[PDB]
Amino acid sequence: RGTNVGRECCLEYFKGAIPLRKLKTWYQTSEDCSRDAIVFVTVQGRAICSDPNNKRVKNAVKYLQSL
Amino acid sequence: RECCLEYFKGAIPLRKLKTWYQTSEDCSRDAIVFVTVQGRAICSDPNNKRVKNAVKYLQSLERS
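Structure determination for this entry is recorded as X-ray crystallography, at 1.72 Å resolution.

Caption draft 1: Region of interest: the interface of chain B and chain A. Chain B puts 21 residues into the contact, and the matching count from chain A is 20 residues. Summed over both partners, the interface of chain B with chain A comes to about 1,700 Å²; 57% of that surface belongs to carbon and sulfur atoms. Contact with chain A buries area across many residues of chain B, yet B:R1, B:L5 and B:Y21 alone supply 37% of it, more than any other trio. The tally of links from chain B across to chain A stands at eight residue pairs in polar contact. At the level of secondary structure, the elements contributing two or more residues to the side of chain B that touches chain A comprise β1 (2–4), β2 (17–22), β3 (32–36) and β4 (41–44) of chain B. The greatest single-element share of the side of chain B that touches chain A, amounting to four residues, is contributed by β2(B). Grouping the constituent residues of the side of chain B that touches chain A by class yields eleven nonpolar, four polar and six charged. Two elements, strand β1 (residues 8–10) of chain A and β1(B), share three bridges in a ladder whose sense is antiparallel.

Thresholds applied
Residues numbered from 1 in each chain as written, not as in the entry; some residues may be left out. Chains lettered and ligands numbered in written order. Heavy atoms only, no water. Contact = heavy atoms within 4.5 Å. Buried area = accessible area lost by both parts, 1.4 Å probe. Polar contact = N/O pair within 3.5 Å; in protein donor to acceptor, adjacent residues only side chain to side chain. Helix = DSSP H or I, 4+ residues; strand = E, 2+ residues; numbered from the N terminus. Nonpolar A, V, L, I, M, F, W, Y, C, P; charged D, E, K, R; others polar. Pairing = 2+ DSSP bridges.

In C-alpha cells form, the structure reads like this:
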C-alpha cells in the first residue's frame, strides 16, 4: 500500500546464468526499493534477484510471459 | 540477496494469491513471500497461523 509493511526488496542482484528451464514465475519489486529488480521464482521455490535492464533477464521475462 | 523490510500485517484473501516462496539468508526475516495475482510480493511472518494456512492452500492447489 505504498509502505514498507510487507515489502520485499532486492539488496543485491544474482550474478550468473538464469536457469531458464527452472523458471516458474516473476515479479517486479516495488518502485520504492533502492534497486529496480525482477525476482524470478523457480519451480523448486528459489528466488533470483535480477536487473531488469539486462538483456538475458528481459529474455527470461518474455519467455515466461509467452507461456 | 532479498530482504523483507518488515512483515505484513493483516489478512490477504486466498483469491489474491498466486504463489509463494521462502528465503532464509540474513535480512530475509525467513519470511514467507506471497506473490499476488496483481504481480506484487507480500513478505510475511512464517510463525503466523494465517500465513501458514495460505501456504497450505497454495501447496494443495499445486498438487491435484
